[PDB]
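**Q** here is my input, please return the structure:
(one chain, ligands or ions: 6)
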Amino acid sequence: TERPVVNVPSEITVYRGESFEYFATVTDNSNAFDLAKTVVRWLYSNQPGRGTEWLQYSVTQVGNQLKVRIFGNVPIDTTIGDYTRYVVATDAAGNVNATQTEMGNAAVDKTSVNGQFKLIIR
Ligand code: NA
Ligand code: NA
Ligand code: NA
Ligand code: NA
Ligand code: NA
Ligand code: NA
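**A** Numbering: from 1, shown residues only. Ligands and ions are numbered 1, 2, ... in the order given. Next comes the structure:
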């Protein structure tokens, strides 16, 4: 009950040669966040990820929630396919919606964590 909660589109579809601009939301029972530790990343590191290096995000406080803008410009030559990515949010007290251990276990087991989504390039 102390962890923040992301709502993100389960499948974010982007197209070669086009930009995109999707939104996710974070809520927390404390109403307060660590915006510097709220990120969009691939599994392995706090980075956008190989094959999706153009994936960008921004974090804004709106009232008691976070607005997470997920955006970028997809190069015309980008490789098509499907990638798993993550919105990892931190409340002001340092609680997270998903830990790296939870993320790693889900990736191996083919299960999911809060904030996980599929990024599909067409
Ligand atoms: Na909390
Ligand atoms: Na949801
Ligand atoms: Na839902
Ligand atoms: Na554009
Ligand atoms: Na709240
Ligand atoms: Na961390």
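**Q** what helix or strand is the residue most central in space within the chain located in?
**A** Computing the C-alpha centroid of the chain and ranking residues by C-alpha atoms, centre = their mean puts residue 87 first, at 2.4 Å. Counting by DSSP states H and E, the element that carries residue 87 is strand 81-88.
**Q** residues in contact with whatever helix or strand comes next after that strand?
**A** Using DSSP H and E, the next helix or strand after strand 81-88 towards the C-terminus is helix 100-109. With contact meaning C-beta atoms under 8 Å, 6 or more residues apart in numbering, helix 100-109 is reached by 43, 84, 86, 111-113, 116. All C-beta spots, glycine's among them, are computed from the backbone N, C-alpha and C.
**Q** and with 7 Å instead?
**A** Helix 100-109 is contacted by residues 43, 84, 86, 112-113, 116 when judged by C-beta atoms under 7 Å, 6 or more residues apart in numbering.
**Q** sorry, back to before: residues in a beta bridge with the residue nearest to the centre of the chain, which ones?
**A** On the basis of DSSP bridges, residue 87 is bridged to residue 40.
**Q** from here on, call the first residue 44.
**A** Renumbered: residue one is now 44, and that last one reads residue 130.
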